[PDB]
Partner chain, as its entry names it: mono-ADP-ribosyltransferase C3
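As structure tokens, one chain now follows by itself in the form deposited without its partner chain.
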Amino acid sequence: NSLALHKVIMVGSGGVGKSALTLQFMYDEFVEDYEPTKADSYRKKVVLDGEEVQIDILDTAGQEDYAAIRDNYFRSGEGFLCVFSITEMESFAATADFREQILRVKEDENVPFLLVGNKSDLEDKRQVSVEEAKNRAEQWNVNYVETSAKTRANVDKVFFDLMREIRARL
């Protein structure tokens, strides 16, 4: 009767594509104007490797500045998409902070977690090399996936692969 419920949290600095990724996955639309301060949770039934499950996506928008509350939101999460923009080096640097915040809360270096380099359709504006992102993912023992919320490239992949990590590890 009870479906598996995979609780995903989108994290990353501003403008990297957390909302665009979420809305492409959820509604098959590229949304370019989503209020930067608007957070929202999304729930969808999805057939993961043949098994009907529910995905819950918290699309965080950076507004929770009270550390105890931010930690409470992270504690509820089971897996994390840690998103940066390949076109903004500072957003790649910022991923280290989200990682530390998650590890402090989850107390488990194997917490389901993907490093997501978004905006792969802007290769001509790339500021973060594939090599250096792959090297960071290797240091953290996480997979690195490049996505485009615009073209849909690897959007389903990051959500499904994160659910597969939640399924396997929890």
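The term rigid core refers to the most C-alpha atoms you can superpose between the two forms while keeping them within 1.5 Å. Residue numbers count along the first chain shown, from 1. Shifts are known only where both forms have a C-alpha.
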100-108 versus 120-128 - greater average Cα B-factor per the deposited record
100-108
Should the higher mean CA B-factor in the entry be assigned to 90-98 or to 72-80?
72-80
Could you say which of 34, 113, 140, 144 has its CA atom at the highest B factor, as listed in the PDB entry?
34
Lowest, middle or highest third - CA B-factor, residue 39
highest
Residue 133 CA temperature factor, ranked by third within the chain:
lowest
Third assignment of residue 164 from its chain's C-alpha B-factors:
lowest
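Keep in mind the form deposited with its partner chain bound is missing from the figure; the text below concerns it.
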Selected contact from 130, 122, 103, 46, since only one has a non-hydrogen atom within 4.5 angstroms of its partner chain in the entry with it bound:
130
Taking heavy atoms and a 4.5 Å cut-off, does residue 138 contact its partner chain in the entry with it bound?
yes
Even though the chain is shown alone, can you say which residues of 91-118 have a heavy atom within 4.5 Å of its partner chain in the entry with it bound?
none
Please name the one residue from 65, 35, 123, 131 with a C-alpha displacement of 2 Å or more between this form and the one not shown, using the rigid core for the superposition.
65
Provide the ranges, sorted by sequence, of consecutive runs with at least 3 residues in which each Cα shifts 2 Å or more between this form and the one not shown, based on a superposition on the core.
63-65
